[PDB]
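Visitor: So I've got this file, run.txt, and it contains compact mmCIF, C-alpha atoms:
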```txt
# COMPACT_ATOMS: atom_id res chain seq x y z
CA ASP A 29 146.34 153.31 47.45
CA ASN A 30 147.17 150.74 50.19
CA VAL A 31 150.73 151.78 51.14
CA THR A 32 153.29 149.43 52.74
CA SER A 33 155.77 150.23 55.53
CA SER A 34 158.61 149.11 53.28
CA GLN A 35 157.23 151.48 50.62
CA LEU A 36 156.95 154.17 53.29
CA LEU A 37 160.48 153.78 54.65
CA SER A 38 161.67 153.92 51.04
CA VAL A 39 159.97 157.32 50.56
CA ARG A 40 161.29 158.45 53.95
CA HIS A 41 164.94 157.82 53.01
CA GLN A 42 164.33 159.37 49.60
CA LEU A 43 163.34 162.67 51.31
CA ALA A 44 166.18 162.56 53.85
CA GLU A 45 168.78 161.98 51.12
CA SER A 46 167.35 164.85 49.05
CA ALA A 47 166.96 167.29 51.94
CA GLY A 48 170.32 168.83 51.06
CA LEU A 49 171.01 171.81 48.83
CA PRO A 50 174.58 171.55 47.45
CA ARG A 51 177.67 173.24 48.98
CA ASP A 52 178.03 176.33 46.75
CA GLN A 53 174.37 177.20 47.34
CA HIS A 54 174.49 176.94 51.14
CA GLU A 55 177.79 178.86 51.06
CA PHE A 56 175.68 181.83 49.91
CA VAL A 57 172.69 181.42 52.24
CA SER A 58 174.74 182.24 55.35
CA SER A 59 176.76 184.85 53.40
CA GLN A 60 174.54 186.37 50.69
CA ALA A 61 171.01 185.49 51.93
CA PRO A 62 169.23 186.80 48.78
CA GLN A 63 166.43 188.73 50.53
CA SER A 64 164.31 187.99 53.58
CA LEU A 65 161.74 185.94 51.63
CA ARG A 66 164.36 183.18 51.39
CA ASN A 67 163.82 181.94 54.93
CA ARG A 68 161.93 179.51 52.70
CA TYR A 69 165.04 177.44 53.40
CA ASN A 70 164.99 177.42 57.22
CA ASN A 71 161.21 177.13 57.27
CA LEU A 72 161.35 174.15 54.91
CA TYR A 73 164.19 172.60 56.90
CA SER A 74 162.20 172.55 60.13
CA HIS A 75 159.11 171.38 58.23
CA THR A 76 161.14 168.52 56.72
CA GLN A 77 162.13 167.55 60.26
CA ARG A 78 158.46 167.50 61.23
CA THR A 79 157.71 165.41 58.12
CA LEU A 80 160.52 162.92 58.74
CA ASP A 81 159.64 162.49 62.44
CA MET A 82 155.97 161.82 61.72
CA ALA A 83 157.07 159.42 58.98
CA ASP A 84 159.38 157.64 61.43
CA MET A 85 156.55 157.50 63.98
CA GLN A 86 154.17 156.11 61.32
CA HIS A 87 156.64 153.36 60.48
CA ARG A 88 157.13 152.07 64.05
CA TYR A 89 153.35 151.89 64.44
CA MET A 90 152.88 149.91 61.22
CA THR A 91 155.85 147.59 61.96
CA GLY A 92 154.46 146.85 65.45
CA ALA A 93 157.55 148.48 66.98
CA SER A 94 155.36 151.00 68.81
CA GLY A 95 151.69 151.30 69.80
CA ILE A 96 151.42 155.04 69.26
CA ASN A 97 149.17 155.69 66.27
CA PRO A 98 150.57 158.99 64.89
CA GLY A 99 147.14 160.27 63.79
CA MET A 100 147.26 160.12 59.98
CA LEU A 101 147.22 157.29 57.40
CA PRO A 102 150.42 155.85 55.79
CA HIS A 103 149.46 157.33 52.40
CA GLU A 104 149.22 160.77 54.04
CA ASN A 105 152.89 160.57 55.00
CA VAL A 106 154.03 159.59 51.52
CA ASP A 107 151.89 162.39 50.07
CA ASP A 108 153.48 164.79 52.56
CA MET A 109 157.10 163.88 51.92
CA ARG A 110 156.78 163.28 48.17
CA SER A 111 155.54 166.88 48.32
CA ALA A 112 158.51 167.87 50.49
CA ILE A 113 160.96 166.57 47.87
CA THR A 114 159.61 169.02 45.27
CA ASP A 115 160.00 171.81 47.86
CA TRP A 116 163.71 171.05 48.06
CA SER A 117 164.31 170.76 44.32
CA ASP A 118 162.58 174.15 44.07
CA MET A 119 164.75 175.69 46.77
CA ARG A 120 167.75 174.44 44.79
CA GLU A 121 166.24 176.09 41.72
CA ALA A 122 165.18 179.27 43.56
CA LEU A 123 168.65 179.71 45.06
CA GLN A 124 170.59 178.98 41.85
CA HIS A 125 168.35 181.58 40.24
CA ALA A 126 168.41 184.34 42.86
CA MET A 127 172.17 183.99 43.49
CA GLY A 128 173.01 184.13 39.78
CA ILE A 129 172.48 187.89 39.83
CA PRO B 30 128.14 136.64 76.63
CA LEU B 31 124.80 135.14 77.72
CA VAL B 32 124.03 133.79 74.25
CA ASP B 33 127.14 132.55 72.43
CA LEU B 34 127.01 132.25 68.62
CA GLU B 35 126.60 135.48 66.68
CA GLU B 36 128.96 134.30 63.94
CA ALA B 37 127.83 135.66 60.57
CA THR B 38 129.51 134.24 57.48
CA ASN B 39 130.84 135.54 54.12
CA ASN B 40 128.52 138.01 52.38
CA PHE B 41 129.24 139.36 48.86
CA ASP B 42 132.14 140.84 46.85
CA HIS B 43 133.27 144.22 48.16
CA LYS B 44 131.39 147.44 47.34
CA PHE B 45 134.06 150.16 47.60
CA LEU B 46 132.77 152.75 50.10
CA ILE B 47 133.28 154.62 53.44
CA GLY B 48 136.22 154.83 55.92
CA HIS B 49 139.79 153.48 55.89
CA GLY B 50 142.06 152.41 58.76
CA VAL B 51 145.70 151.46 59.29
CA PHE B 52 144.93 147.82 60.17
CA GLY B 53 142.03 146.90 57.90
CA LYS B 54 139.33 148.81 56.00
CA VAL B 55 135.62 149.58 56.53
CA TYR B 56 132.80 149.10 53.99
CA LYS B 57 129.07 149.75 53.92
CA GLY B 58 126.79 146.85 52.96
CA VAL B 59 123.21 145.61 52.96
CA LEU B 60 122.49 142.13 54.34
CA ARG B 61 120.00 139.43 53.22
CA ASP B 62 117.51 140.86 55.74
CA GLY B 63 117.83 144.45 54.43
CA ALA B 64 119.90 145.65 57.40
CA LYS B 65 122.38 148.42 56.57
CA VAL B 66 125.64 147.22 58.09
CA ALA B 67 129.31 148.20 58.70
CA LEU B 68 132.10 145.70 57.91
CA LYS B 69 135.49 146.24 59.55
CA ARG B 70 137.55 143.93 57.29
CA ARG B 71 140.90 143.44 59.05
CA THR B 72 142.78 141.47 56.38
CA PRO B 73 145.04 144.36 55.25
CA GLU B 74 148.33 144.13 57.25
CA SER B 75 148.05 141.31 59.85
CA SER B 76 150.60 142.99 62.18
CA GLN B 77 149.04 141.63 65.37
CA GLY B 78 145.62 142.75 64.17
CA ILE B 79 144.66 139.30 65.48
CA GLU B 80 145.06 140.51 69.08
CA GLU B 81 142.90 143.61 68.58
CA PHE B 82 140.24 141.59 66.69
CA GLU B 83 139.87 139.22 69.65
CA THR B 84 139.97 142.16 72.10
CA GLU B 85 137.11 143.89 70.26
CA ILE B 86 135.13 140.65 70.60
CA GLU B 87 135.33 140.04 74.36
CA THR B 88 135.12 143.73 75.29
CA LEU B 89 132.18 144.14 72.94
CA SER B 90 130.35 141.05 74.23
CA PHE B 91 129.26 143.48 76.94
CA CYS B 92 127.05 144.64 74.05
CA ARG B 93 124.36 146.51 75.96
CA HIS B 94 124.64 150.28 75.88
CA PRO B 95 123.04 153.09 73.82
CA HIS B 96 126.39 154.94 73.63
CA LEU B 97 128.55 151.98 72.64
CA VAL B 98 128.68 150.78 69.03
CA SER B 99 126.77 147.50 68.92
CA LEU B 100 128.58 144.50 67.46
CA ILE B 101 126.30 142.44 65.21
CA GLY B 102 128.70 139.60 64.30
CA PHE B 103 132.23 138.42 63.51
CA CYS B 104 134.03 136.16 60.98
CA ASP B 105 137.48 134.50 61.40
CA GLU B 106 136.84 132.22 58.40
CA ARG B 107 139.20 131.21 55.58
CA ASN B 108 141.99 133.56 56.75
CA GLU B 109 139.62 136.55 57.01
CA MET B 110 138.63 138.41 60.17
CA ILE B 111 135.70 140.83 59.87
CA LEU B 112 133.65 142.51 62.58
CA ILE B 113 130.09 143.69 61.93
CA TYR B 114 128.11 146.68 63.31
CA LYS B 115 124.97 148.72 62.56
CA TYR B 116 125.74 151.43 59.99
CA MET B 117 126.05 154.90 61.57
CA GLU B 118 124.40 157.25 59.08
CA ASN B 119 126.17 160.46 60.14
CA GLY B 120 129.66 158.95 60.52
CA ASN B 121 131.99 160.39 63.16
CA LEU B 122 132.03 163.55 65.29
CA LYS B 123 135.20 164.79 63.58
CA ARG B 124 133.37 164.79 60.24
CA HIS B 125 130.92 167.37 61.69
CA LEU B 126 133.67 169.64 63.09
CA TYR B 127 135.74 171.39 60.41
CA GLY B 128 136.57 168.15 58.57
CA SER B 129 135.27 168.53 55.00
CA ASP B 130 132.06 168.87 52.92
CA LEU B 131 128.24 168.42 53.27
CA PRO B 132 126.36 171.77 53.71
CA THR B 133 123.39 172.94 55.86
CA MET B 134 126.20 174.57 57.91
CA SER B 135 127.67 173.66 61.29
CA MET B 136 126.33 171.92 64.39
CA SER B 137 124.56 173.85 67.17
CA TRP B 138 125.90 174.32 70.72
CA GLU B 139 123.08 172.25 72.23
CA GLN B 140 123.60 169.44 69.71
CA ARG B 141 127.35 169.61 70.43
CA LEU B 142 126.72 169.27 74.17
CA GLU B 143 124.14 166.49 73.71
CA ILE B 144 126.88 164.60 71.88
CA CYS B 145 129.54 165.26 74.56
CA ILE B 146 127.12 164.08 77.27
CA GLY B 147 126.26 160.93 75.32
CA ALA B 148 129.94 160.15 74.76
CA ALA B 149 130.60 160.69 78.47
CA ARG B 150 127.77 158.33 79.41
CA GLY B 151 129.36 155.59 77.28
CA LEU B 152 132.87 156.10 78.67
CA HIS B 153 131.56 156.27 82.23
CA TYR B 154 129.84 152.88 81.75
CA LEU B 155 133.10 151.39 80.44
CA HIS B 156 134.72 152.54 83.68
CA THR B 157 131.89 150.92 85.66
CA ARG B 158 132.96 147.75 83.88
CA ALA B 159 136.71 148.38 84.54
CA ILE B 160 137.23 148.73 80.79
CA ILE B 161 139.64 151.51 79.86
CA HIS B 162 139.18 152.61 76.26
CA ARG B 163 142.71 154.03 75.62
CA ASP B 164 141.83 155.34 72.17
CA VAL B 165 139.21 158.04 72.81
CA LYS B 166 139.02 160.61 69.98
CA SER B 167 136.61 162.46 67.66
CA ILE B 168 137.21 159.85 64.95
CA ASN B 169 136.19 157.15 67.43
CA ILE B 170 132.84 158.71 68.31
CA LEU B 171 130.18 157.64 65.83
CA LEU B 172 126.64 159.03 65.60
CA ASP B 173 123.50 157.53 64.08
CA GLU B 174 120.48 158.74 62.08
CA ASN B 175 119.34 160.67 65.16
CA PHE B 176 122.86 161.85 66.06
CA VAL B 177 122.97 159.60 69.12
CA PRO B 178 126.69 159.26 69.97
CA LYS B 179 128.24 155.77 70.04
CA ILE B 180 131.74 154.82 71.18
CA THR B 181 133.50 152.66 68.62
CA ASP B 182 136.82 150.79 68.32
CA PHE B 183 137.99 148.71 71.29
CA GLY B 184 141.06 146.97 69.87
CA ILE B 185 143.25 148.92 72.31
CA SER B 186 140.91 148.87 75.37
CA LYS B 187 141.94 147.18 78.63
CA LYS B 188 140.02 145.33 81.38
CA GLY B 189 140.93 145.66 85.06
CA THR B 190 140.48 143.40 88.10
CA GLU B 191 139.69 145.67 91.08
CA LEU B 192 136.81 147.39 89.15
CA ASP B 193 136.97 151.20 89.25
CA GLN B 194 140.12 151.72 91.30
CA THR B 195 142.49 150.11 88.73
CA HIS B 196 145.87 151.89 88.34
CA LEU B 197 147.51 149.30 86.06
CA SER B 198 150.84 149.17 84.21
CA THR B 199 151.54 148.33 80.54
CA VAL B 200 152.88 149.34 77.10
CA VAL B 201 151.92 152.80 75.78
CA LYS B 202 149.06 152.80 73.24
CA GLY B 203 146.89 155.50 71.61
CA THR B 204 146.79 158.43 69.16
CA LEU B 205 149.47 161.16 69.24
CA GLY B 206 147.32 164.11 70.30
CA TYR B 207 145.24 162.22 72.85
CA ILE B 208 147.78 160.20 74.87
CA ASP B 209 147.61 160.85 78.60
CA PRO B 210 151.07 162.40 79.21
CA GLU B 211 151.26 160.68 82.61
CA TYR B 212 150.61 157.39 80.82
CA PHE B 213 153.27 158.33 78.25
CA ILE B 214 156.08 159.52 80.54
CA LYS B 215 155.57 156.85 83.24
CA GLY B 216 153.82 153.81 81.73
CA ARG B 217 151.07 153.80 84.36
CA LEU B 218 147.55 153.43 82.96
CA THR B 219 144.36 154.53 84.70
CA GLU B 220 140.71 154.99 83.79
CA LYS B 221 141.56 158.69 84.12
CA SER B 222 143.78 158.27 81.08
CA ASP B 223 140.54 158.24 79.09
CA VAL B 224 139.56 161.44 80.87
CA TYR B 225 142.55 163.36 79.46
CA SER B 226 141.74 161.88 76.05
CA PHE B 227 138.10 162.94 76.38
CA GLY B 228 139.37 166.31 77.58
CA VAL B 229 140.88 166.82 74.16
CA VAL B 230 137.63 165.81 72.42
CA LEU B 231 135.88 168.47 74.52
CA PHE B 232 138.07 171.26 73.24
CA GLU B 233 137.91 169.70 69.81
CA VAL B 234 134.12 170.09 69.90
CA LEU B 235 134.46 173.69 71.15
CA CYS B 236 137.16 175.13 68.88
CA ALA B 237 136.36 172.99 65.81
CA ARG B 238 140.16 172.85 65.66
CA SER B 239 139.32 169.21 64.89
CA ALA B 240 142.89 169.02 63.62
CA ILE B 241 144.06 168.88 67.29
CA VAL B 242 147.77 168.14 66.71
CA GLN B 243 148.53 170.77 64.03
CA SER B 244 152.05 170.97 62.54
CA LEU B 245 151.66 174.43 60.98
CA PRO B 246 151.10 177.28 63.51
CA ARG B 247 153.21 178.71 66.36
CA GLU B 248 153.79 177.28 69.86
CA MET B 249 150.07 176.47 69.58
CA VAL B 250 150.68 173.02 68.02
CA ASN B 251 149.06 170.94 70.78
CA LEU B 252 145.32 171.67 71.19
CA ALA B 253 145.27 170.19 74.70
CA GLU B 254 147.96 172.73 75.51
CA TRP B 255 146.92 175.85 73.57
CA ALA B 256 143.38 175.65 74.98
CA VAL B 257 144.66 175.15 78.53
CA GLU B 258 146.90 178.19 77.95
CA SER B 259 143.62 180.17 77.91
CA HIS B 260 140.55 178.86 79.84
CA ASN B 261 142.93 178.19 82.73
CA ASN B 262 144.81 181.49 83.19
CA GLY B 263 145.75 183.35 79.99
CA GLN B 264 142.34 184.54 78.78
CA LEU B 265 139.42 182.12 79.30
CA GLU B 266 139.39 182.50 75.53
CA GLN B 267 136.15 183.18 73.71
CA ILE B 268 138.52 183.65 70.74
CA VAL B 269 139.44 179.95 70.31
CA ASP B 270 136.29 178.71 68.46
CA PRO B 271 135.29 178.97 64.77
CA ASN B 272 131.89 180.47 63.97
CA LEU B 273 129.82 179.45 66.96
CA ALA B 274 128.99 183.20 67.02
CA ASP B 275 127.15 184.69 70.03
CA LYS B 276 125.34 181.39 70.65
CA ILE B 277 127.05 180.10 73.80
CA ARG B 278 125.82 181.48 77.11
CA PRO B 279 129.03 182.79 78.80
CA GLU B 280 128.35 180.87 82.02
CA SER B 281 128.07 177.55 80.11
CA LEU B 282 131.20 178.44 78.14
CA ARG B 283 133.07 178.83 81.43
CA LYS B 284 131.63 175.55 82.68
CA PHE B 285 132.45 173.62 79.51
CA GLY B 286 135.97 175.06 79.31
CA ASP B 287 136.59 174.56 83.03
CA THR B 288 135.67 170.88 82.81
CA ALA B 289 137.79 170.39 79.69
CA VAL B 290 140.67 172.16 81.44
CA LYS B 291 140.31 169.91 84.53
CA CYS B 292 140.37 166.83 82.32
CA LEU B 293 143.75 167.86 81.01
CA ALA B 294 145.43 168.17 84.41
CA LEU B 295 149.03 166.90 84.02
CA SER B 296 148.67 164.38 86.84
CA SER B 297 145.74 161.96 86.71
CA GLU B 298 145.26 162.62 90.41
CA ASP B 299 143.59 166.01 89.78
CA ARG B 300 141.37 164.97 86.86
CA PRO B 301 137.61 164.44 87.41
CA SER B 302 136.04 161.00 87.01
CA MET B 303 133.98 160.60 83.79
CA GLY B 304 131.11 160.40 86.28
CA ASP B 305 131.73 164.00 87.37
CA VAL B 306 132.69 165.01 83.82
CA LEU B 307 129.24 163.73 82.90
CA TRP B 308 127.44 165.71 85.63
CA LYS B 309 129.40 168.84 84.70
CA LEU B 310 128.46 168.55 81.00
CA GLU B 311 124.77 168.01 81.80
CA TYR B 312 124.94 171.06 84.07
CA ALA B 313 126.59 173.13 81.33
CA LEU B 314 123.73 172.17 78.98
CA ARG B 315 121.49 173.11 81.89
CA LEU B 316 123.32 176.44 82.23
CA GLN B 317 121.49 177.84 79.20
CA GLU B 318 118.15 179.17 80.57
CA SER B 319 117.06 180.93 83.84
CA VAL B 320 116.33 184.60 84.72
CA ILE B 321 118.08 186.80 87.36
```
Turn this file's structure into structure tokens for me.
Guide:
Amino acid sequence: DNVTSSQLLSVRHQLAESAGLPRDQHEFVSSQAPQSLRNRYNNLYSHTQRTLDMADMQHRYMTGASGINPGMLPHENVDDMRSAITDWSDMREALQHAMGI
Amino acid sequence: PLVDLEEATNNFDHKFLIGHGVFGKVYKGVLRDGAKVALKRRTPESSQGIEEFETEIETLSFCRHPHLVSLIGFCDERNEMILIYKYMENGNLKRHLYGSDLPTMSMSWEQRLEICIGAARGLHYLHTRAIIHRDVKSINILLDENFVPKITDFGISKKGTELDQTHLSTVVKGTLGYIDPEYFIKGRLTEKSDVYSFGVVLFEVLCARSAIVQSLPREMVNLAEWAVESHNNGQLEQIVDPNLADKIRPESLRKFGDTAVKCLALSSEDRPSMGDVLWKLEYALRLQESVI
């Protein structure tokens, strides 16, 4: 354990850069939304916002930029957003799959 | 400080155990004299941990209260800075409220109130001494072998000049769920800022929603907001708590919830003093007995 703010910010940007299903997939989420169960996108999107915000909060606190302790440890943010990355690369799999029908 | 040197010096090599913090870690240890002890080693990430280390020295030199964690000693030797306290057997209040593990089931309503009263007594004393805690939370309320509550962590606490009446002005500090919104939106700090914070702990005790700020459910994310949405106008909800069953006398439930609602008033002007908070809590424990 023992997670650095530089390490954290690195995992933050990693999530932000990967929170993006490709064009031809999104083209058919607002046009051929596979069922209803695939709100899994828009639910994940908002969750990823929540994750990224809390991560950004965490950083400022560690850096000394702000005095608001977000409420969880730095390793809890990495564990949350490293998790969130899988969620995206599953969406991208789930969509490719469901749309190829 | 009446007596000056309580400077203990370098024990052993570290036995990996107990809690972890953002600025430094905490270990259990036994001293040469057999005393079970708690070492807040603040060497991990020196991002102005220096300031908070010194703050927790001078604030805690007023070491004379049953509901304030007693400082045993400090370090500041060969780059290190460790603070030393008596080991609290039962850990923190959060641990006993829908955290995780250790059986024999949940706490009782009496026990819960006895804790809230004890915590109030500590905070009230701090206000007597113009010390504003600023970081009141379930994590920061420790309890011993006999479950006597003790207020810990003073790295963020502030001392005033006028003593009691202080409505001072500084940078915003605290934990996300517990920040006095008036202190957040305006930058004005008051002793009543601890009252809002304690107000959250109150509902945290009640609902066992010891998660407080919860980024999963509906518009019920903020505990200090979802609970007010009820025991204020929406319901006076008996539905908000876990399995405290039919164990709370309805009249004490109203009293406890009413107090906790009053603590969370948006403006600090309307909030009760910890003094009154204290009397209210004792009276709510009292409100568990008499016939028609």
Visitor: Give the residues of chain A that lie within 12 Å of chain B; count all atoms listed in the file, and format the answer as a CSV table (one decimal) with C-alpha atoms, in the frame of the given file.
Guide:
```
chain,number,residue,atom,x,y,z
A,29,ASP,CA,146.3,153.3,47.4
A,30,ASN,CA,147.2,150.7,50.2
A,31,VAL,CA,150.7,151.8,51.1
A,32,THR,CA,153.3,149.4,52.7
A,33,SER,CA,155.8,150.2,55.5
A,71,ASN,CA,161.2,177.1,57.3
A,72,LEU,CA,161.4,174.2,54.9
A,74,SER,CA,162.2,172.6,60.1
A,75,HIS,CA,159.1,171.4,58.2
A,76,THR,CA,161.1,168.5,56.7
A,77,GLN,CA,162.1,167.6,60.3
A,78,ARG,CA,158.5,167.5,61.2
A,79,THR,CA,157.7,165.4,58.1
A,81,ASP,CA,159.6,162.5,62.4
A,82,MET,CA,156.0,161.8,61.7
A,85,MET,CA,156.6,157.5,64.0
A,86,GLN,CA,154.2,156.1,61.3
A,87,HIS,CA,156.6,153.4,60.5
A,88,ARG,CA,157.1,152.1,64.0
A,89,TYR,CA,153.4,151.9,64.4
A,90,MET,CA,152.9,149.9,61.2
A,91,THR,CA,155.8,147.6,62.0
A,92,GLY,CA,154.5,146.8,65.4
A,93,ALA,CA,157.6,148.5,67.0
A,94,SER,CA,155.4,151.0,68.8
A,95,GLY,CA,151.7,151.3,69.8
A,96,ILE,CA,151.4,155.0,69.3
A,97,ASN,CA,149.2,155.7,66.3
A,98,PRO,CA,150.6,159.0,64.9
A,99,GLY,CA,147.1,160.3,63.8
A,100,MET,CA,147.3,160.1,60.0
A,101,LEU,CA,147.2,157.3,57.4
A,102,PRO,CA,150.4,155.8,55.8
A,103,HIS,CA,149.5,157.3,52.4
A,104,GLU,CA,149.2,160.8,54.0
A,108,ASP,CA,153.5,164.8,52.6
```
Visitor: Do you know which residues are at most 12 Å from region 63-65 of chain B counting only C-alpha atoms, after dropping those on the same chain fewer than 6 positions away, and could you put them as a ChimeraX atom specification?
Guide: /B:56-57,101,113-118,173-174
Visitor: Quick one: pull the distance between CA of residue 190 (chain B) and CA of residue 210 (chain B), Å, one decimal.
Guide: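 The value is 23.5 Å.
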Visitor: Could you check how far CA of residue 295 (chain B) sits from CA of residue 225 (chain B), in Å to one decimal?
Guide: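 It comes out at 8.7 Å.
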Visitor: Using Å and a single decimal, report how far CA of residue 111 (chain A) sits from CA of residue 126 (chain A).
Guide: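 Computed distance, CA of residue 126 (chain A) to CA of residue 111 (chain A), equals 22.4 Å.
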Visitor: For residue 160 (chain B), please output as a VMD selection string all residues within 8 Å (counting only C-alpha atoms; exclusion window: fewer than 6 positions along the same chain).
Guide: chain B and resid 88 186 to 189 220
Visitor: With a distance cut-off of 8 Å and only C-alpha atoms, select the neighbouring residues of residue 149 (chain B), excluding the residue or stretch itself and same-chain residues fewer than 2 positions from it, and output the selection as a ChimeraX atom specification.
Guide: /B:145-147,151-153,303-304,306-307
Visitor: Which is closest to residue 233 (chain B) among B:123, B:70, B:260, B:284, if we use all atoms listed in the file?
Guide: B:123
Visitor: Show me as a PyMOL selection string the residues that reach within 10 Å of (128.4, 176.2, 78.3), counting all atoms listed in the file and using the file's own coordinates.
Guide: chain B and resi 138-139+142+235+276-287+309-317
